[PDB]
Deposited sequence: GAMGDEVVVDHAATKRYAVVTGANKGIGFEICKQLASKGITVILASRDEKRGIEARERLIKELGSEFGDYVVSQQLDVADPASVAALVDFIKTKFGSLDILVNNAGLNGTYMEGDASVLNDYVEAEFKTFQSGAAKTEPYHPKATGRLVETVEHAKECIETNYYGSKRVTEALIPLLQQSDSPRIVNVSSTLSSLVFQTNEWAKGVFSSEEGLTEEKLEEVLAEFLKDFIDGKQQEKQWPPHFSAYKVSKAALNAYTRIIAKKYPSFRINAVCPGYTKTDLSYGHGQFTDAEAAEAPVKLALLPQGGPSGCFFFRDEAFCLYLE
């Protein structure tokens, strides 16, 4: 009943777009944030054409690059002067840190090899490329961008909007993570120990793991130092984001702060449920689709 305002980052396509659609259809007023201003304007138009023109006031486009402090600051100013309030943040903007050379479909072979680790717990530490048809390339610069967006980007946006969210009588933060965030994939025993800590976990320790991974990745010692052979930056960054989610869950008990592994419309249901979570919902948990954990 009570009017709510939500930010969804990286929301011009993919699951973000579907999160926005589903919040707007429930009466939430949504800020559709996109790295490029014109694609977000265009995404809003399609969103309004699909829901109906009566939703035109419930969706607003705003440029947002989570890696750019000035972009973040401009978004806080926009929300301040247009609405005055914020209730929901969905951190959906994200990068893989990888691309395909050659046949792009070999990616399904790489994703398959990772997913068997769930059925076996045997976390391979040696790089295995399933075919010579394609290759999953992970450059040093893409590893930096991936950490800078997934960890520091999400954290930058969260801390800029917390002051606004804290004036909500039910503030909600949802961090879109990945199954590759699971510690079964964290080959590096030091880093796994940090991520596993329930006591004495600090943002400082998380950032030390990130810097250590980036130093060994630059130095070319990814396998020497027992870092994951594939999706390496992605795994470390999304695990850090999970751990960071628990840290701020404990800092702000009056908030509900959660991570969630997510067709796109179906995958948006899980973050959407967490964005409208009741007062007694959990906080500090990583959810797989629609199932509890904490």
| said: Please give the gaps, as residue ranges numbered from 1 in the deposited sequence, where no C-alpha is present. | reply: 1-12, 275-288, 321-324
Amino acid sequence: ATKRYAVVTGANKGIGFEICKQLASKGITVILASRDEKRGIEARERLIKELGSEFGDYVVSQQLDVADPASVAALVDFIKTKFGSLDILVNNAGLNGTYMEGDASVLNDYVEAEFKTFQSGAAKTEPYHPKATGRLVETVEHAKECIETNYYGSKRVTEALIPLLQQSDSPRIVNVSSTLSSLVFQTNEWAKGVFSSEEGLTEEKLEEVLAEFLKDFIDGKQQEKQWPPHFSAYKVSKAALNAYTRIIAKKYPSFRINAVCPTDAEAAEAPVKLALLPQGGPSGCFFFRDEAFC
From here on, numbers count along this sequence of modelled residues.
| said: I need to verify one thing: averaged over C-alpha atoms only, is the B-factor higher for 127-135 or for 76-84? | reply: 127-135
| remark: Per the PDB entry, mean CA B-factor is higher for 148-156 or 190-198, namely for 190-198
| Reading the B-factor column of the entry, which of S181, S71, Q223, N92 has the highest value at its C-alpha atom? | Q223
| Third of chain Cα B-factors occupied by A211 | middle
| Considering only modelled residues of the same chain, in which third does the CA B-factor of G27 rank: lowest, middle or highest? | middle
| B-factor third for the C-alpha atom of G14 within its chain | middle
| said: Is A1 in the lowest, middle or highest third of its chain when residues are ranked by C-alpha B-factor? | reply: middle
| remark: Sorting the chain's modelled residues by C-alpha B-factor and splitting them into thirds places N258 in the lowest
